[PDB]
Amino acid sequence: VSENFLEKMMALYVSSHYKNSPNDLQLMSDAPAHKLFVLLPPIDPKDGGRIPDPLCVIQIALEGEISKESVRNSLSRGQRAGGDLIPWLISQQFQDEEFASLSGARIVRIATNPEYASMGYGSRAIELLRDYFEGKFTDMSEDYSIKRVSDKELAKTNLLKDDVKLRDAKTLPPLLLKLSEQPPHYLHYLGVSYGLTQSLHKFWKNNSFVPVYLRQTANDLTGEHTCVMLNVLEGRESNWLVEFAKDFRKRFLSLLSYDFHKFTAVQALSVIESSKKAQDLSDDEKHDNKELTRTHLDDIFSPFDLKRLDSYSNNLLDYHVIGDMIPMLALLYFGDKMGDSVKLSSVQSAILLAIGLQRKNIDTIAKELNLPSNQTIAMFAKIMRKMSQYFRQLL
Amino acid sequence: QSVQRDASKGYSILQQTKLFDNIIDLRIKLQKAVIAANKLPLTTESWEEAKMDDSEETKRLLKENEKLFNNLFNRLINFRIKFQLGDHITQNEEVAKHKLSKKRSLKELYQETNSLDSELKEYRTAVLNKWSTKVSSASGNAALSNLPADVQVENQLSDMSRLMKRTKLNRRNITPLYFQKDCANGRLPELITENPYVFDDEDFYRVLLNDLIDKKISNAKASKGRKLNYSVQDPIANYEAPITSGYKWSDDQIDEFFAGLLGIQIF
Amino acid sequence: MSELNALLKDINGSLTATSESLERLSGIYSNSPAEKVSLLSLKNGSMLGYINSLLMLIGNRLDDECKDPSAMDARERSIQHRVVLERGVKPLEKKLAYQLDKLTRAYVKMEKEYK
Amino acid sequence: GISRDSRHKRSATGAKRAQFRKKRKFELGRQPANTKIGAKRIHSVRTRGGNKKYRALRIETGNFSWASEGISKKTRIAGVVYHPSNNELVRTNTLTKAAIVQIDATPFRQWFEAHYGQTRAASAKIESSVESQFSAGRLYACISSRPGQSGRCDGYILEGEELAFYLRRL
Amino acid sequence: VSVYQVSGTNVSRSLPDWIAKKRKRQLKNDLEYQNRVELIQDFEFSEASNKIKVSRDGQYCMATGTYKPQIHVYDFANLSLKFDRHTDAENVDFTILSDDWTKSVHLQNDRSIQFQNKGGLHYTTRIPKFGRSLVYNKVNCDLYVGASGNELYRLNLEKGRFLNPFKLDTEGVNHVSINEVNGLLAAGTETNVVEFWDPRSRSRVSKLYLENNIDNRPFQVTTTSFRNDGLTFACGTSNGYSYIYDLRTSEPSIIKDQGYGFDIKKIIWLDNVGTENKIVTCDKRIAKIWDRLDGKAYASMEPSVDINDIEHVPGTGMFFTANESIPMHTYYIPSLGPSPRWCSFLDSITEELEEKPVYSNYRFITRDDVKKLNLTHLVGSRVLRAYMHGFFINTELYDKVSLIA
């Protein structure tokens, strides 16, 4: 029964993955941090205890709780200890020692049946995950260890007469356990690591995970950049994520032009939005954006530059003449220094982001967004008018 | 088979929940009594003067008054005993049955209330401990080892002084009958706006209303074509051509999804 | 008409219908192995007791003698019963709420299937 | 395309007649004007001769007569309740002659109170069903006009045997 | 959110359009008449419009009139009425079979299905009982007609034969809809039930009993619409309640009520515009845009004149309304999506557009209903904000008070 039930999960696991290696099997059985977890359909009582098929299987790895002393010694030595991927990477990138101490779990893999994809089973499993480690599955009906072979038994057995048999079924716990039965471990966060694809990014964004890091090197096999997304549990402090999200957003915005210019503006916009959702998670106002000051405005842009912007809004200027202001304008708007005054549509933001941060030509935008060049110019000139009004009222 | 136990407990929970809406209705109906009761006199002379205002009238209402409370509260002490018997709160089944059978007096009825409260107090300590341990274990707080609920009750019960002052607050501004006369005559030692004698549970009463309010919302002949002719209508013949690609999903997924339309230890 | 008399009529009208709810409520419970959620049964018995402290509050006031117009004995019990409800039960059931919602829906689904 | 010629019809003996000649203007036909309730859209039609026809596409008010009291008032139309020919016209609330409809009782009620000084007595007596309709506030009326010809939705209040007939049909 | 009326009568609601025609010659001197811009030439019916539909190609649109009953065809590329064709009877429903306007089927109120080819009227067939809706199955090419009676009519274009009719448990079909990804059909019965039928076979897959706790009044299923995702399903009731069901589960995921207690004339899923979790619900007076998941109202559409139909141009923030007015109104909401290709410079003039903006947010309750709910005491309070004859209340409070009554 275990063999049959065992086969069924990898049938789900291997199908999602492209080219699986047998080594992962040894990882899953022997390594302690990994826990084996399955979503099943409702069990019909008339089926007589027959095992249902696995609809979704998720692979988690408990990571974190690293001794604070070990962090400096490894960080100073530049040596990465085996395992605990997310604590090491985040600590290295943000140089934060407290995060490594935090207890968390990495969703190593999620597998859903290809025929049933897009039906929401994966979202349901994660939504039930985040409840389990949050403690919402408490026991309501008013042990699971197995005795190990004793040294006495080993000493008393001779090689020739060894009766190696399957463990008695009575000793064995059940193959599947209800959540209320098994208490969870105390965790601070759920993290993932995956190549940034629109479907997957859309999938995890709906699951309230927020971005913390994106590798600048694309994976050679896939040509894709791995994105690290994180979700904090209720009842736990949430600040450190918010600071990380802001830094990643600033890091992402600036770095759009180097190597993510290949990314679609819609894809880039989603990443920025997902990060901004993290701010909305924080009801606290201690960490908030600062509105652009008049003095800072004067430093960034000269008066003639402001006159130049105004003329374009009035249409007395050519588009090329205003090419100077674009990257600063994109940074300040997406930096949110513009404030509540200035808001834009998703297409409008994508256009501004692309010229400002993906740095693409307006015609390049036209083909990408499937809009003729004139609308992009006209829709853009609308963008410049609103900020020019915003600058005017500030003055 | 575990579905049967799960279903049965849900019924118990449901029966358990309905019981409150019935009792909360009892409290709601009693709300007019507590308001009117708070408006009553306070001192013996005021009662007599209230009696002297209309002597013969005040008598039968007082008798009609007194008779009902003995009937209400005696039935209630019977009403209380059977629960704590049935819900295992009281372990002495024989004593509870004896109390139910016998007819009790006002002073004796007070004694049962004290015992019923006291027995329920031990039940609180045992109950609140068990679930707090369970929830702590379920949430990983056991792994961590946010006060225990019983401890919170004990500590705030220790803060006993603060909570009268909340009760003594006269939010409704109730003035009991002949209050000014009692005040002038110095017949009210406690006083010598917060009134020690006026009881105000309005904030609590509203909360149960809101809670009951919130609960239910979530729960809540051949001619003219008049007969059918199947023959070929040539003008419409071959008006279009069928699309062989079919529906986007596979037939197996299709015929499946309609079926679900609208509804060694293995386990 | 005297103020006391109109007040006394209100109490009389107040009581007589608190009865019919009481017999009606006692009838249905007596009508009811099924094991009950022992946390809730406490959250029953406490707020039964709260209503009773309100009744001894009423009774102590009504006595023409009023040795205890403040009815302090009725006060403390009302405090104790309200104390347990607001801070002992209320946070605990919130942690407990979701699975209770999952159990009751399961029973409802089963009953709909049976019918 | 609409024609009233009997030639396209086959003979009494059943013989299928051959097309004598092309369709003529003088034996032309026009569509039904499907009048409905609402803010009074109408237009004219130029018919044979210099004459004209008015086509009420929509109308919400009409001149209805209380024959028993011998009066007539303009009142708003509530909605179609029954049409003997086709119930679909009732669903579509299409206004047509003989259609049973509901109308406001405010002007008739006010006139009754004015003339009779009652909400003399013997004359004030009327049928019981009509009194019930007054209490309800709406009256069953029959359209006596052809809105698709004259542009008017004139009618009369149902009473007596006809009222009972249309009530039992209801 | 910013919503713009591109075209249509801009006079007070009580003022009729034909009076404005008299005013037009008076105001020829006024500048605003010159500045006013039309989108499609002759985008008006002499009296009124019933239904509006856009070609899947997206360069053409189809509409029908009251007098004379027309079938207007407007070329978006040409911004003009492509042609005018008169019809014998008033049209009840129609669908465009072809990619272009060439091949269409129109269900007339005279119980006749009339087929138009690019040249003209091809053939007229007569169904046994009067029809309430018409839907076309692309896979099987069979026209299914809802009817007043229980039986639902089946006509097969391929064979030119009328095939056997589906038999329904109840009488009155009102609206019918087909899922393009499943093929499942929902028939909106007069009673508070919708029957689900297998297209491949001849079978009722299931029947869903709609339930409304708020109102005990009987209600009828007015409209039915499938999503392209194919798992979510929407229902419109005569009482102004819109139900979105994940068809796999019996319970309604979200219940949204329009406000005015009137029939839901149409439901449109705004998947293609972007931010797919958006749904349009249309009543005779208002067409509201709201999120399927949150239920929050995003934008509201309030023409002065009643709506008979609503149509959305795919991939754009453009909507067309078939209405009672002589000019059919035309709405552009920039936020949802870009203007159509043919509407290249609509963006340039957004300031010049009207930019029309409580009623969508709040719950309209007539004076009589206030009496029914015993809310007379709250008249004059901030809780009840009186507009017109109805006292506007919060939706949550309405569901509250209804449960007491």
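Scan segment B:213-233 and give yes if some residue there is over 23 Å from E:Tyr245 (Cα atoms), surrounded by fewer than 13 Cβ atoms within 10 Å (Cβ to Cβ), more than 7 Å from chain E (Cβ to nearest Cβ) and of a type in the set (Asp, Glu), otherwise no.
yes
So C:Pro69 ticks every box in (1) surrounded by fewer than 16 Cβ atoms within 10 Å (Cβ to Cβ); (2) within 8 Å of chain B (Cβ to nearest Cβ); (3) part of a loop (DSSP other than H, G, I, E, B); (4) out of contact with any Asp or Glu (no Cβ under 8 Å at 6 or more places or on another chain) but one. Which box is left unticked?
Only one criterion is unmet by C:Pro69, namely (1).
Do any strands (runs of 3 or more DSSP E) entirely within segment E:317-387 hold 2 or more residues that are farther than 26 Å from E:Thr9 by Cβ, and if so, which?
By residue number, E:385-387.
Just one of A:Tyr186, A:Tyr116 is within 14 Å of chain B (Cβ to nearest Cβ) and in contact with a strand residue (DSSP E or B) (Cβ under 7 Å, 6 or more places away or on another chain); which is it?
A:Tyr186
Criterion first (of a type outside the set (A, V, I, L, M) and in a strand (DSSP E or B)) does D:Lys40 satisfy it?
On the way: of a type outside the set (A, V, I, L, M): yes; in a strand (DSSP E or B): no.
No: the conditions fail for D:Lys40.
Scan segment A:330-386 for residues that are among the charged types (D, E, K, R) and on the phi > 0 side of the Ramachandran plot and jot them down.
A:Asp336, A:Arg359
For segment B:86-141, what are the residues that are within 20 Å of C:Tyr29 (Cβ to Cβ) and touching an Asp or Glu at 6+ places or on another chain (Cβ under 7 Å)?
B:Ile89, B:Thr90, B:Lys99 - these are the residues of segment B:86-141 that are within 20 Å of C:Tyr29 (Cβ to Cβ) and touching an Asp or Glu at 6+ places or on another chain (Cβ under 7 Å).
Just to be sure before I move on: is B:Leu208 within 14 Å of chain E (Cβ to nearest Cβ) and surrounded by 12 or more Cβ atoms within 10 Å (Cβ to Cβ) in the structure I sent?
Considered against the rule, which asks whether it is within 14 Å of chain E (Cβ to nearest Cβ) and surrounded by 12 or more Cβ atoms within 10 Å (Cβ to Cβ), B:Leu208 comes out as no.
If you go through segment E:347-390, how many residues are touching a strand residue (DSSP E or B) at 6+ places or on another chain (Cβ under 6 Å) and either surrounded by fewer than 12 Cβ atoms within 10 Å (Cβ to Cβ) or under 30 Å from A:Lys382 (Cβ atoms) (or both)?
5
How about segment A:61-100: which of its residues are small (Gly, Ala, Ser), over 23 Å from A:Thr226 (Cα atoms) and surrounded by fewer than 16 Cβ atoms within 10 Å (Cβ to Cβ)?
Matches in segment A:61-100: A:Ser67, A:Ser70, A:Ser76.
Residues in segment B:222-249 that are out of contact with any strand residue (DSSP E or B) (no Cβ under 6 Å at 6 or more places or on another chain) and on the phi > 0 side of the Ramachandran plot: how many?
3
One line per residue, one yes/no per condition, for (1) of a type in the set (A, V, I, L, M, F, W, C); (2) at the interface with chain C (Cβ under 7 Å from one of its Cβ atoms):
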position: B:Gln4; (1), (2): no, no
position: B:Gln16; (1), (2): no, yes
position: B:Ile28; (1), (2): yes, no
position: B:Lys32; (1), (2): no, yes
position: B:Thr43; (1), (2): no, yes
position: B:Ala50; (1), (2): yes, yes
position: B:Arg60; (1), (2): no, no
position: B:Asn70; (1), (2): no, no
position: B:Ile81; (1), (2): yes, no
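Quickly run through segment B:73-104 and pick out the residues that are assigned to a loop (DSSP other than H, G, I, E, B) and either among the small types (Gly, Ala, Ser) or at positive phi (or both).
Our first condition is that a residue be assigned to a loop (DSSP other than H, G, I, E, B); within segment B:73-104, this holds for B:87-92, B:102-104.
Answer for segment B:73-104, where residues must be assigned to a loop (DSSP other than H, G, I, E, B) and either among the small types (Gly, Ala, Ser) or at positive phi (or both): just B:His88.
State which residue is surrounded by the most Cβ atoms within 10 Å (Cβ to Cβ) when the search covers only segment C:5-34 and only residues that are at the interface with chain B (Cβ under 7 Å from one of its Cβ atoms) and more than 25 Å from B:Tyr110 (Cβ to Cβ).
That would be C:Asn5.
Does segment E:189-196 include one or more residues that are among the acidic types (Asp, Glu), more than 9 Å from chain B (Cβ to nearest Cβ), over 30 Å from E:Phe364 (Cβ atoms) and in a strand (DSSP E or B)? If you could, list the steps in order and put the result at the bottom.
Start the filter on segment E:189-196 by keeping residues that are among the acidic types (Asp, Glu), which leaves E:190, E:195.
Narrowing further to those that are more than 9 Å from chain B (Cβ to nearest Cβ): E:190, E:195.
If we keep only those that are over 30 Å from E:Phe364 (Cβ atoms) as well, we get E:195.
Filter again for in a strand (DSSP E or B), leaving E:195.
Yes: segment E:189-196 contains one or more residues that are among the acidic types (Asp, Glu), more than 9 Å from chain B (Cβ to nearest Cβ), over 30 Å from E:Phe364 (Cβ atoms) and in a strand (DSSP E or B).
Looking at segment E:32-68 only, could you name the residues that are of a type in the set (A, V, I, L, M, F, W, C) and farther than 21 Å from E:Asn308 by Cβ?
The one that is of a type in the set (A, V, I, L, M, F, W, C) and farther than 21 Å from E:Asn308 by Cβ: E:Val37.
Filter segment E:144-187 for residues that are assigned to a loop (DSSP other than H, G, I, E, B), among the basic types (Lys, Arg) and out of contact with any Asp or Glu (no Cβ under 6 Å at 6 or more places or on another chain) and give the result.
So the first thing to find is which residues in segment E:144-187 are assigned to a loop (DSSP other than H, G, I, E, B), and the list is E:148-151, E:157-160, E:167-173, E:179-184.
After this cut, where a residue has to be among the basic types (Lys, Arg) as well, the list is E:159, E:167.
Result: E:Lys159, single match.
Being within 19 Å of the chain's Cα centre (by Cα) and either part of a helix (DSSP H, G or I) or not polar (S, T, N, Q) (or both) is true for just one of B:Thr17, B:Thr58. Which residue is that?
Among B:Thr17, B:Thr58, only B:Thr17 is within 19 Å of the chain's Cα centre (by Cα) and either part of a helix (DSSP H, G or I) or not polar (S, T, N, Q) (or both).
Given the conditions (1) facing another protein chain (nearest Cβ under 10 Å); (2) under 30 Å from C:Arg61 (Cα atoms); (3) surrounded by 13 or more Cβ atoms within 10 Å (Cβ to Cβ), report the number of the one that B:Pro189 does not fulfil.
(3) is the only condition that B:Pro189 fails.
Yes/no per residue for (1) more than 24 Å from the chain's Cα centre (by Cα); (2) within 11 Å of chain B (Cβ to nearest Cβ); (3) not hydroxyl-bearing (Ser, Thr, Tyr):
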position	(1), (2), (3)
E:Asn109	no, no, yes
E:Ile113	no, yes, yes
E:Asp142	no, yes, yes
E:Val145	no, no, yes
E:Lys159	yes, yes, yes
E:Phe162	yes, yes, yes
E:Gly172	no, no, yes
E:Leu185	no, no, yes
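For segment A:208-223, name all the residues that are charged (D, E, K, R) and more than 21 Å from A:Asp247 (Cα to Cα).
Answer for segment A:208-223, where residues must be charged (D, E, K, R) and more than 21 Å from A:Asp247 (Cα to Cα): just A:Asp220.
What number of residues within segment B:239-251 are more than 7 Å from chain E (Cβ to nearest Cβ) and either within 13 Å of E:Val181 (Cα to Cα) or buried (at least 18 other Cβ atoms within 10 Å of the Cβ) (or both)?
Residues that pass the stated criteria total 3.
Bear in mind these aren't lab numbers, they're just calculated from the coordinates by the rules spelled out. All Cβ positions, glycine included, derive from the backbone under ideal geometry; neighbour counts span all protein chains shown.
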